[PDB]
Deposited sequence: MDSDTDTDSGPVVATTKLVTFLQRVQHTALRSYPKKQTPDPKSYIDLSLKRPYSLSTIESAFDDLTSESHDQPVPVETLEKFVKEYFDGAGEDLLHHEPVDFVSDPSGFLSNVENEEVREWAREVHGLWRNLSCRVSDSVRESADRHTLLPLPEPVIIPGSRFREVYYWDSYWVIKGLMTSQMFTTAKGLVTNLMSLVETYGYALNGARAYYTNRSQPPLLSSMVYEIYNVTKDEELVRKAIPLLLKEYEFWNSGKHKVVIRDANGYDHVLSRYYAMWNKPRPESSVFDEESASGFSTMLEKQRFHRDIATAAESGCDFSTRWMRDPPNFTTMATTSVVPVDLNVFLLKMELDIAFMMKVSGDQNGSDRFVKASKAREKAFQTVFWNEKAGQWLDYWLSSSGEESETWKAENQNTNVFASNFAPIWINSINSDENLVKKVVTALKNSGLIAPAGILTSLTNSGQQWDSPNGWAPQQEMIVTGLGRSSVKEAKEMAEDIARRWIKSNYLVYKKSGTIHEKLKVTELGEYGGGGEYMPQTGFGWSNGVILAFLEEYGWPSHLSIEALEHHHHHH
């Protein structure tokens, strides 16, 4: 029903290689399918040449594993080989003043190792990608990047916000602005920031944190040229989220709100084989396409995957993301309206600034009417069937149900904060190492027993900005629990993880279609962000 943004024939040929690859290997020896979509064509061969050779090699119906592997190393450069290390111009081993507020000498010295990992995550798109981009699925980019880590060998959209928060702590403002410049280039080329900087991501976006990245950088550097460039591109991205399939209207007892909606109704190329098997239970092609669109839409939500998006959890195949008006998404567009109104006021466009002020107040009242649940003491996703109805609220408990606390008109409301503090301390989401993303152990990675850095930060930051003392103490307690568990994990394995098993201190999290991943961009950023805000006493 919705549009479908086509991918490049390089991507579609690499899916052929991937499908051949995972048929050939034994079941437990299944490789990561993404390492195939991340290949690039080895010079001087062309695509047609490589495809002809592949067609000759595959004229027999599986392929011997050793024959396949020989083809891979002959015609392709490995995954990540077109992504080269880059020494950030603004990196310094120990920055002057870095976490100077952190008394505990052991905590601060660990944090400087964490800060040292910006060098590992720092890399740059090779000159082949810029000169002959048709040979790569890596997209070309104006500036060096910070990647999440490990299998995520490209820059991602919403990761970069919490990365940028850490880069500020690390005093790496040029690297931080380089990420924003890269992301603005994607808005300019495509009209929206891609899920990540790969050709198989041109069909969808991610939670829209661009305006927050520009804001947090401006708030420190007061770079008025960055704001002036950003405004036309943010106006574009705001248009993208409030029109087309992304816009929904909910009439009350009319509010314009947004939903995720990927422009894709096929197996995700990076996971093509897995998605095809996931959908094999549907009998018609329309049912497969609707399911694939909800899978891809869950990818665009950033939370792939969770019982949050399942119509009948924990059944993966009831994934229904396009039916969900999500709390956190509309938190981020409320922020977008506050951010643009600020940047227009600052750049001498008080007329535009008032448009977005009224925008923000309409969404603030959509929040109370549509998402808020007084009896729950939290905000709830609204599931579509249009006009509102109480049973359409998803009453299950998620950390994203508490994301509005991040918003200043919310956390400035002393009475609201108190209702939210109690609802959250009684929710059961608070766990030994931080905040559980949900209460259902589903085997997915965005579910219990896991907790996630971006959700820790939004709640801690929000609670900490209130004037309510119990919120402020709960916020610090969560941050220290998160920091501690990340320290224990780091001492055990020498790395920082994508997500934590917050049910146990010192344990990283797993689940989902791929193995636990390390680096890890927003995890490092939140650790540094929390330490800059709260410090660590030497007596602790």
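Participant: So which bits of the deposited chain never got modelled?
Facilitator: Going by the record, the segments left unmodelled (no C-alpha atoms) fall at 1-8, 70-72, 265-267, 400-405, 561-572.
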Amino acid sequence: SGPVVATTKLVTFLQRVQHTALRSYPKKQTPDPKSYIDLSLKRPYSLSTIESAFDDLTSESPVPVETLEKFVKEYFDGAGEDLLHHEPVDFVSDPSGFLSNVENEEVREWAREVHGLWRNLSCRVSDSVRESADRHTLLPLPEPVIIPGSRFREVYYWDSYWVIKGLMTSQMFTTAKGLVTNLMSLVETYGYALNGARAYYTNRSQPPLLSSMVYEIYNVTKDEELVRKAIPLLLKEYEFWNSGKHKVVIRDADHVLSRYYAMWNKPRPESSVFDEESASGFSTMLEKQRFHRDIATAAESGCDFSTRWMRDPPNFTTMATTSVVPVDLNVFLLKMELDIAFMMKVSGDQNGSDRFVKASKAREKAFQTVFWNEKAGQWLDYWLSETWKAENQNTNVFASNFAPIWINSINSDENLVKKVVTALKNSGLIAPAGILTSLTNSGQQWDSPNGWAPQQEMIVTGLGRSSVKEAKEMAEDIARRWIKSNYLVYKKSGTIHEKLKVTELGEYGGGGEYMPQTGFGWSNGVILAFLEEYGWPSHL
From here on, numbers count along this sequence of modelled residues.
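Participant: Going by the mean C-alpha B-factor recorded in the entry, which is higher: 416-424 or 330-338?
Facilitator: Higher mean C-alpha B-factor: 416-424.
Participant: So which stretch wins on mean C-alpha B-factor, 353-361 or 197-205?
Facilitator: Result of the comparison: 353-361.
Participant: Between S323, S212, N441, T137, where does the Cα B-factor run highest in the record?
Facilitator: Of the candidates given, the C-alpha B-factor peaks at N441.
Participant: Looking at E270, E109, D159, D294, which has the highest CA B-factor as recorded?
Facilitator: The listed residue with the largest C-alpha B-factor is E109.
Participant: Can you work out whether the C-alpha temperature factor of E154 puts it in the lowest, middle or highest third of the chain?
Facilitator: Lowest third - that is where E154 ends up once the chain's C-alpha B-factors are sorted.
Participant: Taking the values exactly as deposited, rank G97 by C-alpha B-factor within its chain and report the matching third: lowest, middle or highest.
Facilitator: For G97, whose C-alpha B-factor we compare with every modelled residue in the chain, the answer is the highest third.
Participant: Pull the Cα B-factor of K492 out of the PDB entry and bin it into the chain's lowest, middle or highest third.
Facilitator: Its C-alpha B-factor belongs to the highest third of this chain's values.
Participant: Considering every modelled residue of the chain and its Cα B-factor in the PDB entry, is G302 in the lowest, middle or highest third?
Facilitator: Its C-alpha B-factor, which the entry lists for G302, ranks in the lowest third among residues of this chain.
Participant: Based on the deposited C-alpha B factors for this chain, I'd like to know if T387 is in the lowest, middle or highest third.
Facilitator: For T387, the deposited C-alpha B-factor lands in the highest third.
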